[PDB]
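Novice: Below are the structure tokens for one structure; questions will follow.
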Amino acid sequence: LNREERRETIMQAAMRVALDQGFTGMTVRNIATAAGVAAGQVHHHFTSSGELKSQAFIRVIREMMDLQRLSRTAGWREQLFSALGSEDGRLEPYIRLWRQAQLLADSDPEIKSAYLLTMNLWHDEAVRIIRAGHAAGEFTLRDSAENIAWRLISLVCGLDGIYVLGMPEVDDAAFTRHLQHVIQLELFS
Amino acid sequence: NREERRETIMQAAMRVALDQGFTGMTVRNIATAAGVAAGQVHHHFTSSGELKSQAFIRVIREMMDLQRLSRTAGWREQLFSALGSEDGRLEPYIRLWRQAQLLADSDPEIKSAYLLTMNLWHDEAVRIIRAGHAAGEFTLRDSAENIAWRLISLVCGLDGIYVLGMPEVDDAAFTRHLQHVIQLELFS
Ligand SMILES: CN(C)c1ccc(C(=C2C=CC(=[N+](C)C)C=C2)c2ccc(N(C)C)cc2)cc1
Ligand SMILES: CN(C)c1ccc(C(=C2C=CC(=[N+](C)C)C=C2)c2ccc(N(C)C)cc2)cc1
């Protein structure tokens, strides 16, 4: 192996330890084991364990953003929803790590810089679908796509913050009703 | 006497909580604030957690009363004042409220207290909607409960983006995005 394909065989191993056990299990030794490489060789790439868990967390999200890009001929409403509040069981670890990363960003500026970058990735993706739907002629925009993109994200994050507490009146079904509701007020007035 | 001093202790915990936060709510700094011995704190409080959790609820409870307007202002200005008021004097309440949901992942009592404040916050938003719906100023296309949660989620949400230092989400923009969802939720 030359130099850079190594970096990937390492990075991808970390991306599963994140999905499997979360940040608290993304120790240099766990990535070294999952990859089948010497533990000392891991320090050779992505110094500062903090980096191989923030730099890895991004790749997990980027993978999440791509595992949701679905049939383009589907209604721009169907696309936007799945890109904001998908209920696929396969994404539970992706969300779990995202929820997890949001807290750690308090006591880990390294994460914070990364969590900030995903919010921009999550935002730049919604803006695309908002603009695209607007250009196609299905979305009616009463405000800039950017403003709409931030407000919907805030709805998801905000509701997730309540859904995790255990509110019965805010569960899967209700988390969907609210979201689909707001989409109508923002794009189908 | 019996409770007249229990309140001073609570008033001493509610005070340092806004000044120092949960990290600085030690028994030695709380007993100093009330001006009493430290031992008398455990006498009135079994666990140190029951003091941290209850005091936090008591801070927010009065916080919501402080920001209660005259009831004659427009129901929109009232609902707004209880959602996203941009006031410097709230920062200590907010900072404590942000910390409250963070520690909730590891402190079951702070989790219990935070869950209760969100319901109080929600119960108070329902009130303004129903009163503004009765006065005929609001137009409801959904129950006050659902609208309230969506409005609260919008605040908690942008707030999670605001603190990160996003330039396009500033003090002014936060106000704008909040005024917008009110317009759509209640004025169609
Ligand atoms: C495909 N895609 C782009 C997605 C997919 C899912 C989400 C989030 C989510 C969706 C539905 C949920 N339920 C039905 C229970 C719970 C959480 C979510 C993720 C992170 C988050 N935070 C970090 C606070 C809050 C919510 C976001 C983007
Ligand atoms: C009077 N009243 C009932 C209030 C008053 C203020 C708030 C919150 C708030 C308002 C405006 C902000 N800016 C203009 C920057 C930032 C935060 C707030 C508080 C806690 C919170 N979380 C715990 C997530 C999120 C937002 C909520 C209720």
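Identifiers in this document derive from the order of the structure tokens: chains are assigned A, B, ..., residues are numbered from 1 separately in each chain, and ligands are numbered from 1 in order of occurrence.
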Enumerate as a PDB file with N, CA, C and O atoms, in the first residue's frame all residues of stretch 87-150 of chain A assigned to alpha helix (DSSP H) by DSSP on the backbone, naming them with the chain letters and numbers the document uses.
Specialist:
```
ATOM      1  N   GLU A  92     -30.546   4.806  12.075  1.00  0.00           N
ATOM      2  CA  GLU A  92     -30.488   4.962  13.530  1.00  0.00           C
ATOM      3  C   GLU A  92     -29.071   5.135  14.048  1.00  0.00           C
ATOM      4  O   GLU A  92     -28.849   6.049  14.868  1.00  0.00           O
ATOM      5  N   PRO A  93     -28.075   4.342  13.645  1.00  0.00           N
ATOM      6  CA  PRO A  93     -26.710   4.609  14.113  1.00  0.00           C
ATOM      7  C   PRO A  93     -26.155   5.925  13.601  1.00  0.00           C
ATOM      8  O   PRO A  93     -25.409   6.592  14.327  1.00  0.00           O
ATOM      9  N   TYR A  94     -26.495   6.321  12.373  1.00  0.00           N
ATOM     10  CA  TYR A  94     -26.044   7.614  11.871  1.00  0.00           C
ATOM     11  C   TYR A  94     -26.604   8.751  12.717  1.00  0.00           C
ATOM     12  O   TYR A  94     -25.877   9.685  13.074  1.00  0.00           O
ATOM     13  N   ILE A  95     -27.895   8.689  13.046  1.00  0.00           N
ATOM     14  CA  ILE A  95     -28.498   9.706  13.904  1.00  0.00           C
ATOM     15  C   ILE A  95     -27.914   9.631  15.308  1.00  0.00           C
ATOM     16  O   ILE A  95     -27.595  10.657  15.920  1.00  0.00           O
ATOM     17  N   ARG A  96     -27.778   8.418  15.845  1.00  0.00           N
ATOM     18  CA  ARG A  96     -27.225   8.239  17.184  1.00  0.00           C
ATOM     19  C   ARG A  96     -25.878   8.937  17.320  1.00  0.00           C
ATOM     20  O   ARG A  96     -25.626   9.649  18.299  1.00  0.00           O
ATOM     21  N   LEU A  97     -24.997   8.743  16.337  1.00  0.00           N
ATOM     22  CA  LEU A  97     -23.700   9.410  16.364  1.00  0.00           C
ATOM     23  C   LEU A  97     -23.844  10.915  16.193  1.00  0.00           C
ATOM     24  O   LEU A  97     -23.049  11.679  16.749  1.00  0.00           O
ATOM     25  N   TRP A  98     -24.836  11.362  15.422  1.00  0.00           N
ATOM     26  CA  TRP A  98     -25.035  12.795  15.248  1.00  0.00           C
ATOM     27  C   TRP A  98     -25.551  13.424  16.534  1.00  0.00           C
ATOM     28  O   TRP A  98     -25.023  14.443  16.994  1.00  0.00           O
ATOM     29  N   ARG A  99     -26.585  12.827  17.131  1.00  0.00           N
ATOM     30  CA  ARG A  99     -27.025  13.257  18.453  1.00  0.00           C
ATOM     31  C   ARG A  99     -25.851  13.274  19.423  1.00  0.00           C
ATOM     32  O   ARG A  99     -25.642  14.246  20.157  1.00  0.00           O
ATOM     33  N   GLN A 100     -25.067  12.194  19.432  1.00  0.00           N
ATOM     34  CA  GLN A 100     -23.917  12.104  20.326  1.00  0.00           C
ATOM     35  C   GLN A 100     -22.936  13.244  20.074  1.00  0.00           C
ATOM     36  O   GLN A 100     -22.468  13.897  21.014  1.00  0.00           O
ATOM     37  N   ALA A 101     -22.621  13.502  18.804  1.00  0.00           N
ATOM     38  CA  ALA A 101     -21.629  14.519  18.476  1.00  0.00           C
ATOM     39  C   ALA A 101     -22.073  15.905  18.918  1.00  0.00           C
ATOM     40  O   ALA A 101     -21.233  16.749  19.251  1.00  0.00           O
ATOM     41  N   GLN A 102     -23.383  16.164  18.922  1.00  0.00           N
ATOM     42  CA  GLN A 102     -23.870  17.491  19.284  1.00  0.00           C
ATOM     43  C   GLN A 102     -23.509  17.836  20.722  1.00  0.00           C
ATOM     44  O   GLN A 102     -23.144  18.979  21.022  1.00  0.00           O
ATOM     45  N   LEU A 103     -23.602  16.861  21.628  1.00  0.00           N
ATOM     46  CA  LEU A 103     -23.260  17.112  23.023  1.00  0.00           C
ATOM     47  C   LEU A 103     -21.758  17.298  23.190  1.00  0.00           C
ATOM     48  O   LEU A 103     -21.307  18.270  23.808  1.00  0.00           O
ATOM     49  N   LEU A 104     -20.962  16.379  22.635  1.00  0.00           N
ATOM     50  CA  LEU A 104     -19.515  16.446  22.814  1.00  0.00           C
ATOM     51  C   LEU A 104     -18.949  17.776  22.337  1.00  0.00           C
ATOM     52  O   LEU A 104     -17.896  18.209  22.818  1.00  0.00           O
ATOM     53  N   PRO A 109     -13.905  21.545  21.422  1.00  0.00           N
ATOM     54  CA  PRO A 109     -13.899  22.456  20.265  1.00  0.00           C
ATOM     55  C   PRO A 109     -13.547  21.786  18.949  1.00  0.00           C
ATOM     56  O   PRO A 109     -13.961  22.270  17.887  1.00  0.00           O
ATOM     57  N   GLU A 110     -12.779  20.694  18.979  1.00  0.00           N
ATOM     58  CA  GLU A 110     -12.456  19.981  17.747  1.00  0.00           C
ATOM     59  C   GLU A 110     -13.723  19.466  17.075  1.00  0.00           C
ATOM     60  O   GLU A 110     -13.909  19.625  15.862  1.00  0.00           O
ATOM     61  N   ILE A 111     -14.611  18.843  17.855  1.00  0.00           N
ATOM     62  CA  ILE A 111     -15.899  18.402  17.325  1.00  0.00           C
ATOM     63  C   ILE A 111     -16.710  19.603  16.855  1.00  0.00           C
ATOM     64  O   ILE A 111     -17.244  19.617  15.741  1.00  0.00           O
ATOM     65  N   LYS A 112     -16.812  20.628  17.705  1.00  0.00           N
ATOM     66  CA  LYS A 112     -17.635  21.794  17.394  1.00  0.00           C
ATOM     67  C   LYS A 112     -17.366  22.296  15.981  1.00  0.00           C
ATOM     68  O   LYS A 112     -18.298  22.518  15.201  1.00  0.00           O
ATOM     69  N   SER A 113     -16.092  22.472  15.630  1.00  0.00           N
ATOM     70  CA  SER A 113     -15.758  22.896  14.275  1.00  0.00           C
ATOM     71  C   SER A 113     -16.337  21.934  13.244  1.00  0.00           C
ATOM     72  O   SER A 113     -16.791  22.356  12.174  1.00  0.00           O
ATOM     73  N   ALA A 114     -16.338  20.636  13.555  1.00  0.00           N
ATOM     74  CA  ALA A 114     -16.852  19.639  12.623  1.00  0.00           C
ATOM     75  C   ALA A 114     -18.376  19.623  12.611  1.00  0.00           C
ATOM     76  O   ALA A 114     -18.994  19.610  11.541  1.00  0.00           O
ATOM     77  N   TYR A 115     -18.998  19.615  13.792  1.00  0.00           N
ATOM     78  CA  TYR A 115     -20.455  19.665  13.852  1.00  0.00           C
ATOM     79  C   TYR A 115     -20.984  20.896  13.127  1.00  0.00           C
ATOM     80  O   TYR A 115     -22.032  20.839  12.475  1.00  0.00           O
ATOM     81  N   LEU A 116     -20.267  22.018  13.229  1.00  0.00           N
ATOM     82  CA  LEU A 116     -20.634  23.206  12.466  1.00  0.00           C
ATOM     83  C   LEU A 116     -20.594  22.929  10.969  1.00  0.00           C
ATOM     84  O   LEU A 116     -21.422  23.445  10.209  1.00  0.00           O
ATOM     85  N   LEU A 117     -19.635  22.113  10.528  1.00  0.00           N
ATOM     86  CA  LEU A 117     -19.470  21.863   9.099  1.00  0.00           C
ATOM     87  C   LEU A 117     -20.579  20.967   8.561  1.00  0.00           C
ATOM     88  O   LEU A 117     -21.023  21.142   7.420  1.00  0.00           O
ATOM     89  N   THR A 118     -21.042  20.005   9.361  1.00  0.00           N
ATOM     90  CA  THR A 118     -22.143  19.151   8.922  1.00  0.00           C
ATOM     91  C   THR A 118     -23.430  19.952   8.779  1.00  0.00           C
ATOM     92  O   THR A 118     -24.142  19.830   7.775  1.00  0.00           O
ATOM     93  N   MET A 119     -23.750  20.778   9.780  1.00  0.00           N
ATOM     94  CA  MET A 119     -24.921  21.640   9.674  1.00  0.00           C
ATOM     95  C   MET A 119     -24.908  22.408   8.360  1.00  0.00           C
ATOM     96  O   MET A 119     -25.956  22.612   7.739  1.00  0.00           O
ATOM     97  N   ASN A 120     -23.725  22.832   7.912  1.00  0.00           N
ATOM     98  CA  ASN A 120     -23.626  23.476   6.609  1.00  0.00           C
ATOM     99  C   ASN A 120     -23.842  22.473   5.484  1.00  0.00           C
ATOM    100  O   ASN A 120     -24.465  22.800   4.468  1.00  0.00           O
ATOM    101  N   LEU A 121     -23.338  21.247   5.641  1.00  0.00           N
ATOM    102  CA  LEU A 121     -23.611  20.214   4.645  1.00  0.00           C
ATOM    103  C   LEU A 121     -25.093  19.867   4.619  1.00  0.00           C
ATOM    104  O   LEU A 121     -25.705  19.785   3.548  1.00  0.00           O
ATOM    105  N   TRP A 122     -25.687  19.654   5.794  1.00  0.00           N
ATOM    106  CA  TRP A 122     -27.123  19.418   5.867  1.00  0.00           C
ATOM    107  C   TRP A 122     -27.902  20.594   5.296  1.00  0.00           C
ATOM    108  O   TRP A 122     -28.961  20.404   4.687  1.00  0.00           O
ATOM    109  N   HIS A 123     -27.390  21.811   5.477  1.00  0.00           N
ATOM    110  CA  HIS A 123     -28.060  22.995   4.953  1.00  0.00           C
ATOM    111  C   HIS A 123     -27.894  23.096   3.442  1.00  0.00           C
ATOM    112  O   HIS A 123     -28.874  23.273   2.710  1.00  0.00           O
ATOM    113  N   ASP A 124     -26.658  22.976   2.955  1.00  0.00           N
ATOM    114  CA  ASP A 124     -26.409  23.069   1.522  1.00  0.00           C
ATOM    115  C   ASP A 124     -27.161  22.005   0.734  1.00  0.00           C
ATOM    116  O   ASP A 124     -27.420  22.200  -0.459  1.00  0.00           O
ATOM    117  N   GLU A 125     -27.508  20.882   1.363  1.00  0.00           N
ATOM    118  CA  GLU A 125     -28.288  19.858   0.676  1.00  0.00           C
ATOM    119  C   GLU A 125     -29.757  20.245   0.599  1.00  0.00           C
ATOM    120  O   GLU A 125     -30.390  20.078  -0.448  1.00  0.00           O
ATOM    121  N   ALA A 126     -30.315  20.764   1.694  1.00  0.00           N
ATOM    122  CA  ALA A 126     -31.708  21.197   1.677  1.00  0.00           C
ATOM    123  C   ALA A 126     -31.908  22.355   0.708  1.00  0.00           C
ATOM    124  O   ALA A 126     -32.889  22.382  -0.045  1.00  0.00           O
ATOM    125  N   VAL A 127     -30.985  23.320   0.710  1.00  0.00           N
ATOM    126  CA  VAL A 127     -31.076  24.440  -0.221  1.00  0.00           C
ATOM    127  C   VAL A 127     -31.125  23.932  -1.656  1.00  0.00           C
ATOM    128  O   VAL A 127     -31.896  24.435  -2.482  1.00  0.00           O
ATOM    129  N   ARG A 128     -30.309  22.925  -1.977  1.00  0.00           N
ATOM    130  CA  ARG A 128     -30.338  22.351  -3.318  1.00  0.00           C
ATOM    131  C   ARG A 128     -31.734  21.846  -3.662  1.00  0.00           C
ATOM    132  O   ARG A 128     -32.287  22.182  -4.716  1.00  0.00           O
ATOM    133  N   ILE A 129     -32.325  21.042  -2.774  1.00  0.00           N
ATOM    134  CA  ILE A 129     -33.644  20.476  -3.044  1.00  0.00           C
ATOM    135  C   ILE A 129     -34.702  21.572  -3.068  1.00  0.00           C
ATOM    136  O   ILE A 129     -35.650  21.521  -3.861  1.00  0.00           O
ATOM    137  N   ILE A 130     -34.567  22.574  -2.197  1.00  0.00           N
ATOM    138  CA  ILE A 130     -35.513  23.687  -2.197  1.00  0.00           C
ATOM    139  C   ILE A 130     -35.425  24.448  -3.513  1.00  0.00           C
ATOM    140  O   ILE A 130     -36.434  24.667  -4.193  1.00  0.00           O
ATOM    141  N   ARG A 131     -34.215  24.863  -3.888  1.00  0.00           N
ATOM    142  CA  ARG A 131     -34.031  25.545  -5.166  1.00  0.00           C
ATOM    143  C   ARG A 131     -34.482  24.661  -6.323  1.00  0.00           C
ATOM    144  O   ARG A 131     -35.201  25.111  -7.222  1.00  0.00           O
ATOM    145  N   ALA A 132     -34.058  23.394  -6.318  1.00  0.00           N
ATOM    146  CA  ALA A 132     -34.399  22.486  -7.407  1.00  0.00           C
ATOM    147  C   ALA A 132     -35.908  22.341  -7.545  1.00  0.00           C
ATOM    148  O   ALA A 132     -36.452  22.419  -8.651  1.00  0.00           O
ATOM    149  N   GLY A 133     -36.602  22.120  -6.428  1.00  0.00           N
ATOM    150  CA  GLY A 133     -38.052  22.052  -6.481  1.00  0.00           C
ATOM    151  C   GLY A 133     -38.671  23.356  -6.949  1.00  0.00           C
ATOM    152  O   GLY A 133     -39.666  23.355  -7.679  1.00  0.00           O
ATOM    153  N   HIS A 134     -38.087  24.485  -6.540  1.00  0.00           N
ATOM    154  CA  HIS A 134     -38.578  25.785  -6.987  1.00  0.00           C
ATOM    155  C   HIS A 134     -38.360  25.966  -8.483  1.00  0.00           C
ATOM    156  O   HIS A 134     -39.232  26.493  -9.184  1.00  0.00           O
ATOM    157  N   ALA A 135     -37.200  25.541  -8.989  1.00  0.00           N
ATOM    158  CA  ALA A 135     -36.938  25.629 -10.420  1.00  0.00           C
ATOM    159  C   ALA A 135     -37.821  24.673 -11.211  1.00  0.00           C
ATOM    160  O   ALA A 135     -38.210  24.985 -12.342  1.00  0.00           O
ATOM    161  N   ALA A 136     -38.143  23.510 -10.639  1.00  0.00           N
ATOM    162  CA  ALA A 136     -39.026  22.569 -11.317  1.00  0.00           C
ATOM    163  C   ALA A 136     -40.455  23.091 -11.381  1.00  0.00           C
ATOM    164  O   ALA A 136     -41.189  22.770 -12.323  1.00  0.00           O
ATOM    165  N   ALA A 145     -34.617  30.441  -0.103  1.00  0.00           N
ATOM    166  CA  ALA A 145     -34.400  29.026   0.181  1.00  0.00           C
ATOM    167  C   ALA A 145     -33.517  28.841   1.407  1.00  0.00           C
ATOM    168  O   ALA A 145     -33.733  27.921   2.205  1.00  0.00           O
ATOM    169  N   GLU A 146     -32.519  29.710   1.579  1.00  0.00           N
ATOM    170  CA  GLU A 146     -31.626  29.598   2.728  1.00  0.00           C
ATOM    171  C   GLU A 146     -32.401  29.733   4.031  1.00  0.00           C
ATOM    172  O   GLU A 146     -32.268  28.903   4.938  1.00  0.00           O
ATOM    173  N   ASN A 147     -33.224  30.776   4.142  1.00  0.00           N
ATOM    174  CA  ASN A 147     -34.030  30.952   5.344  1.00  0.00           C
ATOM    175  C   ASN A 147     -34.916  29.735   5.580  1.00  0.00           C
ATOM    176  O   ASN A 147     -34.998  29.218   6.700  1.00  0.00           O
ATOM    177  N   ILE A 148     -35.576  29.253   4.526  1.00  0.00           N
ATOM    178  CA  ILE A 148     -36.425  28.073   4.654  1.00  0.00           C
ATOM    179  C   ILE A 148     -35.594  26.873   5.089  1.00  0.00           C
ATOM    180  O   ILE A 148     -36.036  26.053   5.904  1.00  0.00           O
ATOM    181  N   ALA A 149     -34.377  26.753   4.557  1.00  0.00           N
ATOM    182  CA  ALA A 149     -33.534  25.611   4.885  1.00  0.00           C
ATOM    183  C   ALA A 149     -33.123  25.627   6.351  1.00  0.00           C
ATOM    184  O   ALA A 149     -33.107  24.580   7.007  1.00  0.00           O
ATOM    185  N   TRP A 150     -32.783  26.801   6.886  1.00  0.00           N
ATOM    186  CA  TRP A 150     -32.387  26.873   8.289  1.00  0.00           C
ATOM    187  C   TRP A 150     -33.575  26.623   9.209  1.00  0.00           C
ATOM    188  O   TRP A 150     -33.438  25.949  10.237  1.00  0.00           O
TER     189      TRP A 150
END
```
Novice: Let me have all residues with an atom within 6 Å of ligand 1, counting only C-alpha atoms and all ligand atoms, laid out as a VMD selection string.
Specialist: chain A and resid 65 68 82 to 87 95 98 to 99 102 156 to 157 160 172 175
Novice: Using only C-alpha atoms and a cut-off of 6 Å, which residues of chain A sit close to chain B? Please list them as a PyMOL selection string.
Specialist: chain A and resi 154-155+157-159
Novice: Write a file of the selected residues as a PDB file, in the first residue's frame, keeping N, CA and C atoms.
Specialist:
```pdb
ATOM      1  N   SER A 154     -33.861  23.618  11.980  1.00  0.00           N
ATOM      2  CA  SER A 154     -34.136  23.952  13.373  1.00  0.00           C
ATOM      3  C   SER A 154     -35.347  23.188  13.892  1.00  0.00           C
ATOM      4  N   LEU A 155     -36.356  22.988  13.044  1.00  0.00           N
ATOM      5  CA  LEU A 155     -37.519  22.210  13.454  1.00  0.00           C
ATOM      6  C   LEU A 155     -37.126  20.772  13.765  1.00  0.00           C
ATOM      7  N   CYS A 157     -33.949  19.402  14.450  1.00  0.00           N
ATOM      8  CA  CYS A 157     -33.129  19.406  15.658  1.00  0.00           C
ATOM      9  C   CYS A 157     -33.977  19.692  16.891  1.00  0.00           C
ATOM     10  N   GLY A 158     -34.760  20.772  16.848  1.00  0.00           N
ATOM     11  CA  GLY A 158     -35.574  21.134  17.997  1.00  0.00           C
ATOM     12  C   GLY A 158     -36.499  20.015  18.430  1.00  0.00           C
ATOM     13  N   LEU A 159     -37.200  19.407  17.471  1.00  0.00           N
ATOM     14  CA  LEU A 159     -38.108  18.317  17.814  1.00  0.00           C
ATOM     15  C   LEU A 159     -37.341  17.099  18.303  1.00  0.00           C
TER      16      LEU A 159
END
```
Novice: Mind checking which residues fall within 7 Å of stretch 28-34 of chain A, counting only C-alpha atoms, ignoring those fewer than 3 positions away in the same chain, and posting them as a list in words?
Specialist: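 Counting only the stated atoms, we get residues 13, 14, 17, 25, 37, 38, 39, 42 and 49 of chain A.
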Novice: Could I get the residue neighbourhood of ligand 2 at 8 Å, counting only C-alpha atoms and all ligand atoms, as number ranges by chain?
Specialist: A: 158; B: 63-64, 66-68, 81-87, 90-91, 93-101, 121, 155-160, 162-163, 170-172, 174-175
Novice: Which residue gives the smallest distance to residue A:179 among A:77, A:7, A:90, A:62, with only C-alpha atoms counted?
Specialist: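 When distances to residue A:179 are compared using only C-alpha atoms, the smallest one comes from A:77.
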Novice: With only C-alpha atoms as the atoms that count, which of B:51, B:18, B:12, B:128 lies nearest to residue B:110?
Specialist: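 For residue B:110, the nearest of the given residues is B:51.
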Novice: List the spatial neighbours of residue B:41 as number ranges by chain - criterion: any atom at most 12 Å away, only C-alpha atoms, same-chain residues fewer than 6 positions off excluded.
Specialist: B: 5-10, 12-13, 26-35, 47-48, 50-51
Novice: Can those selected residues be exported to a file as a PDB file, in the first residue's frame so that it contains N, CA, C and O atoms?
Specialist:
```pdb
ATOM      1  N   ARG B   5     -36.437  29.629  56.372  1.00  0.00           N
ATOM      2  CA  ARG B   5     -35.025  29.517  56.034  1.00  0.00           C
ATOM      3  C   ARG B   5     -34.775  28.573  54.869  1.00  0.00           C
ATOM      4  O   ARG B   5     -33.860  28.820  54.075  1.00  0.00           O
ATOM      5  N   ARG B   6     -35.555  27.497  54.743  1.00  0.00           N
ATOM      6  CA  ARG B   6     -35.444  26.652  53.558  1.00  0.00           C
ATOM      7  C   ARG B   6     -35.524  27.493  52.294  1.00  0.00           C
ATOM      8  O   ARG B   6     -34.828  27.220  51.308  1.00  0.00           O
ATOM      9  N   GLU B   7     -36.366  28.527  52.306  1.00  0.00           N
ATOM     10  CA  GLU B   7     -36.479  29.401  51.147  1.00  0.00           C
ATOM     11  C   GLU B   7     -35.196  30.195  50.932  1.00  0.00           C
ATOM     12  O   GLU B   7     -34.728  30.331  49.797  1.00  0.00           O
ATOM     13  N   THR B   8     -34.613  30.727  52.009  1.00  0.00           N
ATOM     14  CA  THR B   8     -33.359  31.461  51.870  1.00  0.00           C
ATOM     15  C   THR B   8     -32.287  30.587  51.232  1.00  0.00           C
ATOM     16  O   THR B   8     -31.513  31.056  50.390  1.00  0.00           O
ATOM     17  N   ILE B   9     -32.231  29.310  51.617  1.00  0.00           N
ATOM     18  CA  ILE B   9     -31.303  28.382  50.977  1.00  0.00           C
ATOM     19  C   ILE B   9     -31.631  28.266  49.495  1.00  0.00           C
ATOM     20  O   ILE B   9     -30.758  28.416  48.631  1.00  0.00           O
ATOM     21  N   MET B  10     -32.901  28.003  49.180  1.00  0.00           N
ATOM     22  CA  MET B  10     -33.317  27.917  47.784  1.00  0.00           C
ATOM     23  C   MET B  10     -33.031  29.225  47.056  1.00  0.00           C
ATOM     24  O   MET B  10     -32.489  29.226  45.947  1.00  0.00           O
ATOM     25  N   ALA B  12     -30.758  31.142  47.780  1.00  0.00           N
ATOM     26  CA  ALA B  12     -29.307  31.211  47.660  1.00  0.00           C
ATOM     27  C   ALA B  12     -28.792  30.310  46.547  1.00  0.00           C
ATOM     28  O   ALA B  12     -27.776  30.626  45.918  1.00  0.00           O
ATOM     29  N   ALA B  13     -29.470  29.189  46.298  1.00  0.00           N
ATOM     30  CA  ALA B  13     -29.103  28.327  45.182  1.00  0.00           C
ATOM     31  C   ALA B  13     -29.552  28.923  43.854  1.00  0.00           C
ATOM     32  O   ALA B  13     -28.803  28.896  42.871  1.00  0.00           O
ATOM     33  N   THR B  26     -21.769  24.749  44.378  1.00  0.00           N
ATOM     34  CA  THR B  26     -21.228  23.947  45.462  1.00  0.00           C
ATOM     35  C   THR B  26     -21.887  24.331  46.783  1.00  0.00           C
ATOM     36  O   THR B  26     -22.409  25.437  46.952  1.00  0.00           O
ATOM     37  N   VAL B  27     -21.856  23.392  47.731  1.00  0.00           N
ATOM     38  CA  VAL B  27     -22.474  23.631  49.033  1.00  0.00           C
ATOM     39  C   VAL B  27     -21.768  24.766  49.763  1.00  0.00           C
ATOM     40  O   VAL B  27     -22.401  25.529  50.504  1.00  0.00           O
ATOM     41  N   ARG B  28     -20.456  24.903  49.568  1.00  0.00           N
ATOM     42  CA  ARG B  28     -19.706  25.935  50.279  1.00  0.00           C
ATOM     43  C   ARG B  28     -20.031  27.324  49.745  1.00  0.00           C
ATOM     44  O   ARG B  28     -20.082  28.293  50.511  1.00  0.00           O
ATOM     45  N   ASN B  29     -20.254  27.445  48.437  1.00  0.00           N
ATOM     46  CA  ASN B  29     -20.623  28.729  47.855  1.00  0.00           C
ATOM     47  C   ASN B  29     -22.100  29.039  48.030  1.00  0.00           C
ATOM     48  O   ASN B  29     -22.484  30.212  47.980  1.00  0.00           O
ATOM     49  N   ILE B  30     -22.932  28.018  48.226  1.00  0.00           N
ATOM     50  CA  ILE B  30     -24.351  28.243  48.468  1.00  0.00           C
ATOM     51  C   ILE B  30     -24.587  28.646  49.918  1.00  0.00           C
ATOM     52  O   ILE B  30     -25.314  29.604  50.201  1.00  0.00           O
ATOM     53  N   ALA B  31     -23.974  27.922  50.858  1.00  0.00           N
ATOM     54  CA  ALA B  31     -24.074  28.309  52.261  1.00  0.00           C
ATOM     55  C   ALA B  31     -23.522  29.709  52.489  1.00  0.00           C
ATOM     56  O   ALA B  31     -24.017  30.438  53.357  1.00  0.00           O
ATOM     57  N   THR B  32     -22.503  30.104  51.721  1.00  0.00           N
ATOM     58  CA  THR B  32     -21.976  31.461  51.823  1.00  0.00           C
ATOM     59  C   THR B  32     -22.994  32.481  51.335  1.00  0.00           C
ATOM     60  O   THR B  32     -23.123  33.566  51.915  1.00  0.00           O
ATOM     61  N   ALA B  33     -23.727  32.155  50.268  1.00  0.00           N
ATOM     62  CA  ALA B  33     -24.708  33.088  49.726  1.00  0.00           C
ATOM     63  C   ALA B  33     -25.857  33.311  50.702  1.00  0.00           C
ATOM     64  O   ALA B  33     -26.295  34.450  50.903  1.00  0.00           O
ATOM     65  N   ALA B  34     -26.360  32.238  51.314  1.00  0.00           N
ATOM     66  CA  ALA B  34     -27.410  32.379  52.314  1.00  0.00           C
ATOM     67  C   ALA B  34     -26.888  32.970  53.614  1.00  0.00           C
ATOM     68  O   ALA B  34     -27.665  33.572  54.363  1.00  0.00           O
ATOM     69  N   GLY B  35     -25.595  32.815  53.895  1.00  0.00           N
ATOM     70  CA  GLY B  35     -25.012  33.311  55.125  1.00  0.00           C
ATOM     71  C   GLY B  35     -25.134  32.381  56.307  1.00  0.00           C
ATOM     72  O   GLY B  35     -25.039  32.842  57.450  1.00  0.00           O
ATOM     73  N   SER B  47     -30.337  15.008  49.303  1.00  0.00           N
ATOM     74  CA  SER B  47     -29.297  14.862  48.298  1.00  0.00           C
ATOM     75  C   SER B  47     -28.961  16.218  47.692  1.00  0.00           C
ATOM     76  O   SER B  47     -29.825  17.090  47.558  1.00  0.00           O
ATOM     77  N   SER B  48     -27.690  16.390  47.325  1.00  0.00           N
ATOM     78  CA  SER B  48     -27.261  17.623  46.680  1.00  0.00           C
ATOM     79  C   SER B  48     -27.881  17.793  45.301  1.00  0.00           C
ATOM     80  O   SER B  48     -27.914  18.914  44.783  1.00  0.00           O
ATOM     81  N   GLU B  50     -31.161  16.996  44.527  1.00  0.00           N
ATOM     82  CA  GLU B  50     -32.500  17.544  44.711  1.00  0.00           C
ATOM     83  C   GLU B  50     -32.467  19.060  44.842  1.00  0.00           C
ATOM     84  O   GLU B  50     -33.449  19.735  44.514  1.00  0.00           O
ATOM     85  N   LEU B  51     -31.353  19.611  45.321  1.00  0.00           N
ATOM     86  CA  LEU B  51     -31.212  21.059  45.405  1.00  0.00           C
ATOM     87  C   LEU B  51     -30.895  21.659  44.040  1.00  0.00           C
ATOM     88  O   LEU B  51     -31.447  22.703  43.674  1.00  0.00           O
TER      89      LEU B  51
END
```
Novice: Between A:16, A:59, A:151, A:6, which residue has the minimum interatomic distance to residue A:41, considering only C-alpha atoms?
Specialist: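 The answer is A:6, which sits nearest to residue A:41.
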Novice: How far is it from atom CA of residue A:80 to atom CA of residue A:176, in Å with one decimal?
Specialist: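 We find that atom CA of residue A:80 and atom CA of residue A:176 lie 12.5 Å from each other.
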Novice: Just the number, please: distance in Å from atom CA of residue B:54 to atom CA of residue B:109, one decimal.
Specialist: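 Atom CA of residue B:54 sits 8.9 Å away from atom CA of residue B:109.
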